[PDB]
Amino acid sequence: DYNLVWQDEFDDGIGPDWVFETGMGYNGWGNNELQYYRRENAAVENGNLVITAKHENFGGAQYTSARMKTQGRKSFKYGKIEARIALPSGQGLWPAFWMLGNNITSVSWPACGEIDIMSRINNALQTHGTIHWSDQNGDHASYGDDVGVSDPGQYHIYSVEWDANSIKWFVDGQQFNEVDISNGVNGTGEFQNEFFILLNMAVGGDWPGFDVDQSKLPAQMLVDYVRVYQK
């Protein structure tokens, strides 16, 4: 049986387990992204975390947004990891709810492993669920799928169920992807370690492309809560 082990409900403020990232990382957070992250772009309104992407000139970038992680504060080995999220739509927008291995600090990416619980680009009427890792040959590996979401601007539940043998993805309880990780098959051993959680909204990058509909800015990603259950 799944029992609640951690949550952030965003009742009146951002909880104690989040660290905010700033700037453009290395080569636009490794994806040629166009936003400069700032603390100012994350706030709480009416029981939701609000991450706002803005058309705003700052530090050589023309967009600002927020990126938050639980690294060094909260991490999990296995569980049902989920969030209740409403998404804005617009060419260039790239929201995500995801996880990275704690060992990123020693083995780097993608060897640390990455679980993308939800990602979306532009105005797509679908969302994605993906893993990234370093396979048995030491090569960058990825495995993903997508599911139709009629109105991503409404709230939906995005989750993964992760155990020693598999990762399963769901939107509103509907499974749309599964990966076998049992005994570290296909060099997936890295998914047997602790992972921390991230939330962000990028603007532009390799995946969504470099055209941005600035008439959709400021754009708000609404996160009602993040919850983690374990059995």
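We number the residues from 1 along the sequence you see.
Trainee: Averaged over C-alpha atoms, is the B-factor higher for 105-113 or for 134-142 in this PDB entry?
Mentor: Higher of the two, by average CA B-factor, is 134-142.
Trainee: Which is higher in the entry, the mean Cα B factor of 169-177 or that of 198-206?
Mentor: If you average the C-alpha B-factors of 198-206 and of 169-177, the larger mean comes out for 169-177.
Trainee: Per the entry, which of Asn27, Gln62, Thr70, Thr52 tops the list for Cα B factor?
Mentor: Max CA B-factor in the entry, restricted to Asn27, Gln62, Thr70, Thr52: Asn27.
Trainee: Considering only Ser119, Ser75, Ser159, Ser150, which residue's Cα atom bears the greatest B-factor as recorded?
Mentor: Among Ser119, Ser75, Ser159, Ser150, the highest C-alpha B-factor in the entry belongs to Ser150.
Trainee: Split into thirds by Cα B-factor across the chain's modelled residues, where does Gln154 land: lowest, middle or highest?
Mentor: It belongs to the lowest third of the chain when residues are ordered by C-alpha B-factor.
Trainee: Rank-wise, by C-alpha B-factor, drop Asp213 into the lowest, middle or highest third of its chain.
Mentor: Middle third, going by the recorded CA B-factors of the chain.
Trainee: Compared with the other modelled residues in the chain, in which third is the CA B-factor of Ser182?
Mentor: Ranked within chain, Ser182 CA B lands in the highest tercile.
Trainee: Among the chain's modelled residues, which third holds the C-alpha B-factor of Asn41?
Mentor: Ranked within chain, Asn41 CA B lands in the lowest tercile.
Trainee: Taking the chain's C-alpha temperature factors as the reference, tell me which third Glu21 falls into: lowest, middle or highest.
Mentor: For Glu21, whose C-alpha B-factor we compare with every modelled residue in the chain, the answer is the middle third.
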